[PDB]
Amino acid sequence: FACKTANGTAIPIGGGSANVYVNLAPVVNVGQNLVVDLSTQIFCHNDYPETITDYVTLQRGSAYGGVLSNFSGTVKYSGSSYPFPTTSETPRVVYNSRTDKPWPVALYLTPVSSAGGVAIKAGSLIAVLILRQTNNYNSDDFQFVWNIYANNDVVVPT
Ligand SMILES: CO[C@H]1O[C@H](CO)[C@@H](O)[C@H](O)[C@@H]1O[C@H]1O[C@H](CO)[C@@H](O)[C@H](O)[C@@H]1O
């Protein structure tokens with residue numbers, strides 16, 4: 001089991017960490033949702049699907065920078081909503097193919113009432129998403145750490 005980003009950064013067998021730079025809606029109003037869809041940026045595959053089945057959870061979702069300070073939101077994992085920050089390991093997603101399959105994570109953030117101006121600064125850390133991978137074959141327990149960075153400013157009009 002290994003994962004790669006749309007840009008090309010790979011985390012090999014055994015886990016690791018990588019940086020993901022995401023484009024963001026450049027304007028968001030109070031009452032609107034800023035969507036961070038990582039299912040288009042992070043992909044994974046099962047290296048030995050003929051005999052092994054890999055299981056993948058969202059172990060932890062942390063908020064940073066302007067997202068931590070100016071936003072409140074949820075995380076959508078494999079079609080279901082969970083609190084963000086995610087404080088407990090989610091249910092499992094099955095990876096049973098060698099062809100790359102997206103990691104179905106997406107953040108839905110809304111600006112807080114007091115937000116205004118540059119709510120997210122370009123190049124800043126906004127989130128860390130930890131992908132925990134196991135299997136039905138041995139005791140493998142690997143963490144794929146995804147550091148989510150904003151490519152551009154996100155402004156809240158005032
Ligand atoms: C075939 O190589 C994989 O399987 C053997 C055991 O059959 C492992 O010892 C080896 O490290 C490889 O495991 C990788 O791929 C597995 C299936 O994707 C995954 O379950 C492992 O955690 C590891 O990534």
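Values below: every heavy atom of this structure, side chains too, minus hydrogens, waters and symmetry copies. For reference, positions follow the sequence shown, starting with 1. Counting starts at 1 for both ligands and their atoms, in listed order.
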**Study point:** CG/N136: more than 12 non-hydrogen atoms of other groups inside 6.0 Å
**Key:** yes
Would you check if there is a donor-acceptor pair between the side chains of [Y] and [X] at a distance under 3.5 Å?
{"X": "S88", "Y": "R60", "result": "no"}
{"X": "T57", "Y": "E89", "result": "yes"}
{"X": "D37", "Y": "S39", "result": "yes"}
{"X": "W103", "Y": "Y77", "result": "yes"}
{"X": "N151", "Y": "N23", "result": "yes"}

Which ligand 1 atoms, with their elements, are less than 4.0 angstrom from a heavy-atom of [X]?
{"X": "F1", "value": "14 (C), 15 (O), 16 (C), 17 (C), 18 (O), 19 (C), 23 (C), 24 (O)"}
{"X": "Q133", "value": "19 (C), 20 (O), 22 (O)"}
{"X": "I52", "value": "4 (O), 7 (O), 20 (O)"}
{"X": "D54", "value": "17 (C), 18 (O), 19 (C), 20 (O)"}
{"X": "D47", "value": "15 (O), 17 (C), 18 (O)"}

Around [atom], find the nearest protein heavy atom and jot down its residue, atom name and distance.
{"atom": "atom 6 (C) of ligand 1", "result": "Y137 CE2, 3.6 Å"}
{"atom": "atom 2 (O) of ligand 1", "result": "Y48 CD2, 4.6 Å"}
{"atom": "atom 9 (O) of ligand 1", "result": "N138 ND2, 4.8 Å"}

Review point. Does the pair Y82 and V75 meet the rule for a side chain to side chain contact (heavy atoms under 4.5 Å, CB included), with working shown?
Key: CA-CA 5 Å; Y82 302 85; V75 59; 3.7 Å; yes
Exercise for review: Compute the shortest N/O to N/O distance between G14 and ligand 1 and return yes if it is under 3.5 Å, no if not.
Suggested key: no
Exercise for review: Examine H45 against ligand 1 and note whether any of their N/O atoms are separated by less than 3.5 Å.
Suggested key: no
**Study point:** Aromatic contact, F142 with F1 (centres under 6.0 Å)
**Key:** no
Check your understanding: Is it true that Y48 and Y137 have ring centroids separated by less than 6.0 Å?
Key -> no
Just to confirm, does any protein heavy atom lie below 4.0 Å from [atom]?
{"atom": "atom 19 (C) of ligand 1", "value": "yes"}
{"atom": "atom 12 (C) of ligand 1", "value": "no"}
{"atom": "atom 24 (O) of ligand 1", "value": "yes"}

Review point. Looking at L129, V105, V67, which one forms a side chain to side chain contact (heavy atoms under 4.5 Å, CB included) with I148?
Key: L129
Check your understanding: When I120 is tested against each of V155, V156, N152, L34 for side chain to side chain contact (heavy atoms under 4.5 Å, CB included), which residue passes?
Key -> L34
Tell me which part of [X] gets within contact of ligand 1: side chain, backbone, both or neither, using heavy atoms under 4.0 Å.
{"X": "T51", "answer": "neither"}
{"X": "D140", "answer": "side chain"}
{"X": "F142", "answer": "side chain"}
{"X": "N46", "answer": "both"}

